[PDB]
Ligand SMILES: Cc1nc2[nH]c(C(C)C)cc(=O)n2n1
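What follows is a single chain, given as C-alpha cells, in the form solved without the ligand.
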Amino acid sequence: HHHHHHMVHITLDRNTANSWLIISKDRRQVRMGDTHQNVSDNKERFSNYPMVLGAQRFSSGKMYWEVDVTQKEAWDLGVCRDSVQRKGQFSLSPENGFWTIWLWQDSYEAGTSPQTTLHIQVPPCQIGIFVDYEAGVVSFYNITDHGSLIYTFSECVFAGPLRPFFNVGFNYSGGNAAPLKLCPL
C-alpha cells in the first residue's frame, strides 16, 4: 500500500480511558494497570472494558496511523463514532458505531456482526489503520508482513465524527500486560 503519506500523529485521551488504564506522559502508550488508577469517574470513561479513544476527531479526508501490539494475547483496534456507548455491555459492530479487528485466543477476527475470520500467516507486531472518510473505507495492514492487507470495511456509514479506538484487553492470564503503542511516523 501507499497510504503512509496520510500519516497522522495520534494521542490518547485520558478522560475517555477505563479507570484501570495507565497512559504514558507522551499520550502515545497505554497498558492495563493491576488496580484502579485513582482517577474520578466521568460520563466519557468506558466502564466495562479496558478501552480508550484517541483525542483526534476526523470528519473528512484520508488518515493513516500504526499501532504496536508486540507480545499481546488480546486487543481490539480500529475507529469508532464519537457518540459510541461508554457504559455497560455492548458488541463491537458497525451497527454500534465501531470498525475494528481483534486478536482473541490465538485467532484474528473483524468486528462485523457476526464476526469474520481473518487469514493471517505472519502474526503482526504492528498494525496499520487507514480511514478514507469520503469513500466510507477502513482498512487494516500487517506492517510485519510488508504491509499486506488484513481486512477492508467498505460502504461504511460513519454517521458522525470518528475517533481512533483501542482496547488493551484484560490480563486474567498474566500473559497480556504489554502496552499498545502508537508508532512514530
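Numbering starts at 1 and follows the sequence shown.
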Problem set entry | Per the entry, higher mean C-alpha B factor between 171-179 and 5-13 | 5-13
Exercise. On average, which has the higher Cα B-factor in the deposited entry, 141-149 or 45-53?
Worked result: 141-149
Exercise. When the CA B-factors of 67, 120, 30, 131 are compared as recorded in the entry, which is the largest?
Worked result: 120
Seminar exercise, completed: On the chain's distribution of Cα B-factors, residue 104 falls within the third called middle
Exercise. With respect to C-alpha B-factor, does residue 95 fall in the lowest, middle or highest third of the chain as deposited?
Worked result: highest
Seminar exercise, completed: Binned into thirds over the chain's modelled residues, the C-alpha B-factor of residue 37 lands in the middle
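Not pictured, yet referred to below: the form deposited with the ligand bound.
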Problem set entry | Any non-hydrogen atom of residue 50 within 4.5 angstroms of the ligand in the bound PDB entry | yes
Problem set entry | 4.5 Å heavy atom contact, residue 119 to the ligand in the bound PDB entry | no
Exercise. Given that the partner is absent here, does residue 79 sit within 4.5 Å of the ligand in the bound PDB entry, heavy atoms only?
Worked result: no
Exercise. Hey, in the bound PDB entry, does residue 167 get a heavy atom within 4.5 angstroms of the ligand?
Worked result: yes
Exercise. So which bits of 28-43 sit within 4.5 Å of the ligand in the bound PDB entry, heavy atoms only?
Worked result: 41, 42, 43
